[PDB]
Every structure is written in structure tokens, then in C-alpha cells.
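Enquirer: Which chain is which? The protein sequence lines are A and B, in order.
Heads up: the first sequence begins at 94 in the working numbering, then just goes up one per residue.
Heads up: the second sequence begins at 49 in the working numbering, then just goes up one per residue.
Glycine is no exception: its CB is placed at the ideal position from the N, C-alpha and C atoms.
Provided herewith is a single structure, encoded as C-alpha cells, for subsequent inquiry.
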Amino acid sequence: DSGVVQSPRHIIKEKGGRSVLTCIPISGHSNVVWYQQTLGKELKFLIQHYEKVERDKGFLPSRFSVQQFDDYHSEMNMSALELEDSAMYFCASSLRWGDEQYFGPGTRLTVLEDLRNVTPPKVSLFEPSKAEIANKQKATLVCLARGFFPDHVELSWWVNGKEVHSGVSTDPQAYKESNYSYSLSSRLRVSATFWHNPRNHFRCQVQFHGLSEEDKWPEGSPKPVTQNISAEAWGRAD
Amino acid sequence: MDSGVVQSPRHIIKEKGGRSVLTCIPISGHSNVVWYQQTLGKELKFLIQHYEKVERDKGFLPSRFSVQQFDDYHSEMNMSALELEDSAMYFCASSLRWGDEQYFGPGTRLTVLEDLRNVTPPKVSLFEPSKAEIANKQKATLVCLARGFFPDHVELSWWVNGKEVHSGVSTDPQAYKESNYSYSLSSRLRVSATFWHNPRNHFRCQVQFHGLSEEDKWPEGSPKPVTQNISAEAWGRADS
């Protein structure tokens, strides 16, 4: 029917800052647990509330406090943020204390020393090379998204308005091209015949997760908010 | 409690098209065991559940994975025809019975690569504090850099006079990729200038790299990138 939901999904904060994560448990569940997970590592139990009462606590830092409300939703208030706080934060709910836990999608928090380096990607689509097509009868489009920071992007391919996965090969993880700039590439391979149809449309779509409306930004340059950036091309006859 | 769920292996590197088996031992007395898959930085994906040896719930488990629970209630996921996209953390969790609170294992980090020849241990460098810092802040920060390694299978720790320390340590939460086949990670240890001003204080940045297995093949001509410990160290110093 539905599962645990959380908000926000991605958030970027400056060191010394403050934010609040919220969790809505499955309807009828009254027990809510929070975990912290450094990317690629184990889940770390933080705290558990059942009928608003704290039942058990792990290594919840004193800078963090959690409260559960009448409707059983839970909020973690995180203050005086440190770089070390960059992690995934999962909430999970169960009907009662002692029962099976159902997991939320997680909130990814990234804490930076200076928000002034945050910047969205530029995205370029490259049509197939003549040599590739002549030699293999396949046609590979390259999408390059780069110049972005931090590394919170999601790249997808759309052909004639529909998302595709067949023939898609995306780099598993963006890499740094310089201190405050990432690069990520993807390829979509189709048949030469499919590419040679002028009426086929191709779009590489990137979603960048950045600053929110809320965040302060000094005059001068556009605020690097969450936004979509894409590049497109049509097929091309011989 | 007395113990928790354990898993094996903790890290493993496989080539595309290969096969491996991940194993989970539940908390003693628990007979319900579930597996989850998690791609780096994403949500947990429920794979499958066994209780008293019988499959109950199943999520989207690829046909290439098969899971079995055994007499002693431990569970094994046999993974075949591995794909790059199978690179993930795999958690198991156990509960007394189905429907009960589940307890998580530490996870197995599976990395699937196109070419094992890209696997490389880190170079580790320790930097003594700058004279400017000591003079102006009366603190002394040592920097440890561990870089040029692949894949992202490094753990960094600090040891002062033979004992692990945490006070004054700031380690990057995540290594970043320098390029498609190389990572970098840094850490700082800050101590007082007076503590650094002692020739007999010893400082060591210790890195553990999880690499290829004893069983993996490796061509002649360069050292095999096996699991190994790599460190850098310094003693404190008199006035200069």
C-alpha cells in the first residue's frame, strides 16, 4: 500500500549550520527508529521512540535531538553541524516496540565548509562518430555532465519521451576534475538504423540537488538551487 | 546483548561474469533471516526472507541470485554471472521469529569490476605540522593522506604511543574519486604544541586496504594488490 516516507531527500548544509529531518511512519505504526550510515558503511542505531517515549538510544550525538509527536511522526533536529555528519539518515517504523521495522528511503545530508562552491552541472550530448557507425553498425551517444559540486546528480536517458535502460552505461560514481568540480559520463548505444531516423528524439536528463529556496545567496550570480539540466539531439539520415 | 549478527566476507572484489557466496550467521536462537541490497548512497532494497528454512517474502531478487537457509539457521546468497551493477553493500538481518524486530549484520561490501588489473593499494603519507601553525595557534596538526587506491576499500586510523586515538581526529567521511580508477582520502590529528614538542611521542597513521584474495590470479611483473596494512609515522620533535 505505502511505506515510510522522509523529508527532505537531499540536503546541503554549511558547517556550524542546523537542519531538521522528518519521518512519517506507516499508518498505524507507533514505534520509530533512526539510523545513521556513513556512505558505504554499516547502519548505526541512533535512537528509538515508542508512543513518544524514548526506549533505547545508541550513539546519538548531543548536538542532535529527536522528538516523536502525537501522530507518531518523528523529527531529528541537528545543530552545530560538522563535516563528519555527512551521511545517510534512515528512519524505520514498526507497529509496536519489538516488531519488524520497515525502512524509509533515507535523507542524504552533505555538510560543506563553504556553500559558495555549490554549482550545477553543464550537460553536453555528443552524437555518434562516423567511424563507429561505419565499423560496427551501432551508434553511441555520449552524455557528459560536469562542472558540478557537490556530487548529488541523477542522470537518465529519454528516447521519444520515454525513459530507457537498455543500452545505457553510466559511470558508477562521479569523479573530481578539480577541487570543487565533478564529472560524470554516460553512454546510450542504439542500432545504426535507429540513429539514422531523423524522427527519433534523444535526451540526456540530469537532476542536480543543490541549495533550497531557503538558503542565503549573495548578489552577483544565480543561486545554485535544485534544478534540471538536459541536452537533446534528433536522429540524422545518411 | 551478548552478540549480534555476523557476515562473511566483509569486503570482496569480483570480476564481471564471476560468482561468489555471501554468508550470514543470525543471532543465536533467531530463525528468521532477511537480506537487503544497497547501492552506495541509496535506499535499502529488500531481497528475500527465510523463516525456519522456508522462503516467505521475496522482493525483486534477480534470478542470478539464489538464497538458502540451513539447519543452523545461517543463510547464504549464491550470486552468479555478476554484473557491475551488483556492486553494493549486502546486509542480512535476523529476528527471533517472522514479524519481530530485526537486528542488522555489518554488511558485505561486494565490488564488481571489469578488470582486476585496476586494483591498487594506497600510498600513505604523514605530514608533520607547519612551523606557522605551531607558532601562531599553539596547536600541531598532523595530516595523513591515503590516495591512488582502487577500489574504495580503505579504513584509516590513528595511533599515538601505540594506542588508538579519537580525540582531535577529523577524517573525511568519504574518499572521493580522483579519476575513474583512483580514490583519495585524508585525515587530520590535532594535538597541543606542547605534546608535539616531545621527541618521545610517537604518531602513526594506519591504513588497511581490502584487496584481492590469496586465491585470485595475478600476472607476473608487479606485486599483487592483496589485503594489507600500510602506514606512515613520525616522532615528536625538539625546537627547530
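1. Is it buried or exposed, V102 of chain B, if we count other Cβ atoms within 10 angstroms and call 16 or more buried?
2. Which stretch, first to last residue, makes up the beta strand (DSSP E) that contains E325 of chain A?
3. What residues are listed by DSSP as bridge partners for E107 of chain A?
4. Counting only runs that start and end within the region 195–253 of chain A, where is the alpha helix (DSSP H) found for 4 or more residues in a row?
5. Report the residues of the region 89–104 of chain B with a CB closer than 7 Å to any CB of chain A, ordered along the chain.
6. Is there at least one Cβ from chain A nearer than 8 Å to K64 of chain B's Cβ?
7. Give me, in chain order, the residues of the same chain whose beta-carbon lies closer than 6 Å to that of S279 of chain A; leave out the 5 immediate sequence neighbours on both sides.
8. Specify whether the region 51–60 of chain B and the region 153–165 of chain B touch according to this definition: at least 3 beta carbon pairs, one from each stretch, less than 8 Å apart.
9. Taking contact to mean at least 3 C-beta pairs separated by less than 8 Å, is the region 245–259 of chain B in contact with the region 292–303 of chain A?
10. Could you check what DSSP says for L70 of chain B in three-state terms: helix, strand or coil?
11. Could you check whether the region 123–132 of chain B touches the region 217–237 of chain A, counting it as contact only if at least three pairs of C-beta atoms, one from each stretch, sit closer than 8 Å?
12. Would you list the residues sitting across from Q266 of chain A in a DSSP beta bridge?
13. Taking 7 Å as the limit between beta carbons, can you name the residues of its chain near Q130 of chain A, skipping five residues before and five after?
14. At a Cβ cut of 8 Å, what residues of the region 211–228 of chain B count as close to chain A, listed as they run along the chain?
15. Name the chain A residues that come within less than 7 Å of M137 of chain B, Cβ to Cβ?
16. With a threshold of 16 other CB atoms inside 10 Å of the CB of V53 of chain B, please say whether the residue is buried or exposed.
17. From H214 of chain B to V239 of chain B, what distance separates their C-alpha atoms?
18. Since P247 of chain B meets chain A, which of its residues come closer than 8 Å, beta carbon to beta carbon?
19. According to DSSP, is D178 of chain A helix, strand or coil?
20. Give the interface partners of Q150 of chain B over in chain A, defined as CB-CB distance under 9 Å, in chain order.
21. Below 8 Å on the Cβ atoms is my guess for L95 of chain B versus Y84 of chain B; work out the distance and round it to an integer in Å.
22. As a quick exercise: from A:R329, A:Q99 and A:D94, pick the residue whose alpha carbon is nearest that of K223 of chain A.
23. Can you tell me whether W310 of chain A is helix, strand or coil according to DSSP?
24. At the 8 Å Cβ level, is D200 of chain B part of the contact set with chain A, yes or no?
25. Does the CB of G199 of chain A have a neighbour CB from chain B at under 8 Å?
26. Might you give, ordered along the chain, the residues of its own chain that have their beta carbon closer than 6 Å to the beta carbon of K225 of chain B, omitting 5 neighbours on each side?
27. So what's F162 of chain A in DSSP terms, helix, strand or just coil?
28. If you check the beta carbons only, do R111 of chain A and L174 of chain A fall under 8 Å apart?
29. At a Cβ threshold of 8 Å, is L176 of chain A touching chain B?
30. In terms of residue numbering, what span does the alpha helix (DSSP H) encompassing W244 of chain B cover?
31. Return the residue from the list B:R104, B:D148, B:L132 and B:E176 that minimises the CA-CA distance to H78 of chain B.
32. What does the alpha-carbon distance come out to for the pair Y165 of chain A and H289 of chain A?
33. Could you give the DSSP three-state label for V255 of chain B: helix, strand or coil?
34. Could you tell me whether any Cβ in chain A is nearer than 8 Å to the Cβ of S79 of chain B?
35. Strictly below 8 Å CB to CB, what residues from chain B border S187 of chain A?
36. Please state whether DSSP places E100 of chain B in a helix, a strand or coil.
Expert: Answer, in terms of the structure:
1. Taking the second sequence and counting its residues from 1, the one referred to as residue 102 of chain B is at position 54. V102 of chain B should be labelled exposed.
2. What you label residue 325 of chain A is simply residue 232 of the first sequence in a count that begins at 1. It spans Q320 to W327 - the beta strand (DSSP E) in which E325 of chain A sits, taken as one unbroken run.
3. Residue numbering aside, residue 107 of chain A sits at position 14 when the first sequence is read from its first letter. Looking at the DSSP output, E107 of chain A bridges to A:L205.
4. Within the region 195–253 of chain A, the complete alpha helix (DSSP H) segments of 4 residues or longer fall at 223–229, listed in chain order.
5. The region 89–104 of chain B vs chain A, Cβ under 7 Å: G89, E91 and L92.
6. Working through the second sequence from its first residue, we reach residue 64 of chain B at position 16. No - not a single Cβ of chain A is within 8 Å of the one on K64 of chain B.
7. In the first sequence, counting from the first residue as 1, residue 279 of chain A sits at position 186. Once the five neighbours on either side are set aside, the close Cβ partners of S279 of chain A are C236, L248 and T263.
8. Counting Cβ pairs under 8 Å, three or more are found: they touch.
9. The region 245–259 of chain B vs the region 292–303 of chain A: no contact.
10. Residue 70 of chain B sits at position 22 when you count from the first residue of the second sequence. Strand.
11. Two segments are said to touch when three or more pairs of C-beta atoms, one from each, lie closer than 8 Å; by this definition the region 123–132 of chain B does not touch the region 217–237 of chain A.
12. To locate residue 266 of chain A, count along the first sequence from 1; it is residue 173. The beta-bridge partner set that DSSP reports for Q266 of chain A is empty.
13. Numbered from 1 along the first sequence, position 37 holds the residue referred to as residue 130 of chain A. The residues are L136, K137, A180, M181 and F183.
14. Legend: CB atoms of the region 211–228 of chain B lying less than 8 Å from CB atoms of chain A belong to residues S218, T219, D220, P221, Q222, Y224, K225, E226, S227 and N228.
15. On the second sequence, position 89 is the one that residue 137 of chain B refers to. Chain-ordered, the chain A residues with CB closer than 7 Å to the CB of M137 of chain B read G133.
16. Counting from one through the second sequence, the residue named residue 53 of chain B turns up at place 5. Flag for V53 of chain B reads buried.
17. Counting from one through the second sequence, the residue named residue 214 of chain B turns up at place 166. Counting from one through the second sequence, the residue named residue 239 of chain B turns up at place 191. Going from the Cα of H214 of chain B to the Cα of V239 of chain B covers about 11 Å.
18. Position 199 of the second sequence, counted from the first residue, corresponds to residue 247 of chain B. Going along chain A, no residue has its Cβ under 8 Å from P247 of chain B, so there is no contact; the nearest lies around 32 Å.
19. In the first sequence, counting from the first residue as 1, residue 178 of chain A sits at position 85. DSSP places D178 of chain A within a helical segment (H, G or I) once states are collapsed to three.
20. Along the second sequence, one-based indexing puts residue 150 of chain B at 102. Contact of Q150 of chain B with chain A by beta-carbon distance below 9 Å involves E193 and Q194.
21. In the second sequence, residue 95 of chain B corresponds to position 47, counting from 1. In the second sequence, residue 84 of chain B corresponds to position 36, counting from 1. That belief holds up - the Cβ atoms of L95 of chain B and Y84 of chain B are roughly 6 Å apart, short of 8 Å.
22. Numbered from 1 along the first sequence, position 130 holds the residue referred to as residue 223 of chain A. Of A:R329, A:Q99 and A:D94, the residue nearest in Cα terms is A:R329.
23. One-based indexing of the first sequence puts residue 310 of chain A at position 217. Here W310 of chain A sits in coil by DSSP.
24. Taking the first residue of the second sequence as position 1, residue 200 of chain B is located at position 152. Judged by the 8 Å Cβ criterion, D200 of chain B is in contact with chain A.
25. Taking the first sequence and counting its residues from 1, the one referred to as residue 199 of chain A is at position 106. Judged by the 8 Å Cβ criterion, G199 of chain A is in contact with chain B.
26. Counting from 1 along the second sequence, the entry for residue 225 of chain B is found at position 177. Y231, listed in sequence order.
27. One-based indexing of the first sequence puts residue 162 of chain A at position 69. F162 of chain A falls in the coil class under three-state DSSP.
28. Working through the first sequence from its first residue, we reach residue 111 of chain A at position 18. Working through the first sequence from its first residue, we reach residue 174 of chain A at position 81. Yes.
29. Working through the first sequence from its first residue, we reach residue 176 of chain A at position 83. Yes, because at least one Cβ of chain B sits closer than 8 Å to the Cβ of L176 of chain A.
30. The sequence position of residue 244 of chain B within the second sequence is 196, counting from 1. Element bounds for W244 of chain B: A241 to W244.
31. Reading the second sequence from its first residue, position 30 is the one you call residue 78 of chain B. By alpha-carbon distance to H78 of chain B, the top candidate from B:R104, B:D148, B:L132 and B:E176 is B:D148.
32. One-based indexing of the first sequence puts residue 165 of chain A at position 72. One-based indexing of the first sequence puts residue 289 of chain A at position 196. Approximately 57 Å between the Cα atoms of the pair.
33. Within the second sequence, numbered from 1, the residue matching residue 255 of chain B stands at position 207. Here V255 of chain B sits in strand by DSSP.
34. Here residue 79 of chain B corresponds to residue number 31 of the second sequence, with the count starting at 1. Answer no: the Cβ-Cβ gap between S79 of chain B and chain A never drops below 8 Å.
35. Translated into the one-based positions of the first sequence, residue 187 of chain A becomes position 94. Neighbours of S187 of chain A on chain B, chain order: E149.
36. Here residue 100 of chain B is taken as the residue at index 52 of the second sequence, counted from 1. Here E100 of chain B sits in coil by DSSP.
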